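One structure is given below, encoded as structure tokens.
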Amino acid sequence: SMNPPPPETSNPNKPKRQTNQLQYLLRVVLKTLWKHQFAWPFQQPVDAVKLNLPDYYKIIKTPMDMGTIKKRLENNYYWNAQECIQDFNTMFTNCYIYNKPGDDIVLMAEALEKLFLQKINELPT
Ligand SMILES: Cn1cc(-c2ccc3cc(C(=O)Nc4ccccc4N)ccc3n2)c2cc[nH]c2c1=O
């Protein structure tokens, strides 16, 4: 297929461990972004076939989306909050490097990123 396998979302041999920051990332950050009116293009991996983006996975080396992040948080896949923050950053970077500035998708990403950064400003210690 034009599309890669989706990113892994479970780690069967990793111990389960919560942190205050991981709780915040799921229950505050992800939840707020997931419900936002602009979330829909970011709730699942980019399907380059259906969206007619034949060069997407040539350009984007590290695919990322909020459906993957959500499942990773729910499955306790991340060892620490910084790994999760990096996935959010990667998802936004992918959007900004692939799509033309001023494309609707870019303005949506920017609105979501602004909300993300505001919540990250209040990340627990
Ligand atoms: C991250 N990302 C994501 C997308 C992405 C993903 C999911 C999409 C889904 C629809 C869709 O179902 N539209 C629809 C159909 C019927 C009724 C109402 C609506 N809104 C339309 C466009 C989509 N574009 C994208 C496209 C170019 N570049 C990117 C890009 O970088």
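We use all heavy atoms of the structure for the numbers below, so side chains are in, but hydrogens, waters and symmetry mates are not. We number each residue from 1, following the sequence as shown.
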Inset, instruction - Give me the ring orientation class for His36 and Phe38: parallel if the planes are under 30° apart, tilted from 30 to 60°, perpendicular past 60°. - result: tilted
[X] and [Y]: which non-hydrogen atoms are nearest, and at how many Å?
| X | Y | answer |
| --- | --- | --- |
| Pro41 | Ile105 | CB-CD1, 3.3 Å |
| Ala48 | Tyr56 | CB-CB, 4.2 Å |
| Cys95 | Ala109 | SG-CB, 3.7 Å |
| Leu22 | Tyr78 | CD1-O, 3.8 Å |

For [X] and [Y], indicate whether the former's side chain and the latter's backbone hold a donor-acceptor pair under 3.5 Å.
| X | Y | value |
| --- | --- | --- |
| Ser1 | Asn3 | yes |
| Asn20 | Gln23 | no |
| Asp65 | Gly67 | yes |
| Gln21 | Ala81 | no |

Would a 4.5 Å heavy-atom cut-off, applied to side chains only, mark [X] and [Y] as touching?
| X | Y | answer |
| --- | --- | --- |
| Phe116 | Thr32 | no |
| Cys84 | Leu73 | yes |
| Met66 | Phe88 | yes |
| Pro45 | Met64 | no |
| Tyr24 | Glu122 | yes |

Distance in Å, [X] [atom1] paired with [Y] [atom2], rounded so as to fall on 0.5 Å steps:
| X | Y | atom1 | atom2 | value |
| --- | --- | --- | --- | --- |
| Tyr77 | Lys71 | OH | NZ | 13.5 Å |
| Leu30 | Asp87 | CG | CG | 11.0 Å |
| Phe42 | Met108 | CZ | CE | 6.5 Å |
| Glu8 | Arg72 | CD | CZ | 8.0 Å |
| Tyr98 | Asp103 | OH | CG | 9.5 Å |
| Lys70 | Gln43 | NZ | CD | 9.0 Å |

Legend entry - Verdict with supporting geometry, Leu25 and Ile85, side chain to side chain contact (heavy atoms under 4.5 Å, CB included): CA-CA 8 Å; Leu25 278 161; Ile85 290 162; 4.1 Å; yes
Inset, instruction - Answer with yes or no whether the side chains of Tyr96 and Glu113 bring together a donor and an acceptor at under 3.5 Å. - result: yes
Legend entry - Residues forming a side chain to side chain contact (heavy atoms under 4.5 Å, CB included) with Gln86, sequence neighbours excluded: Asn89, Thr90
Inset, instruction - Please test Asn75 against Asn11 for side chain to side chain contact (heavy atoms under 4.5 Å, CB included), starting from the C-alpha separation and ending with a verdict. - result: CA-CA 8 Å; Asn75 280 341; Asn11 183 341; over 6 Å; no
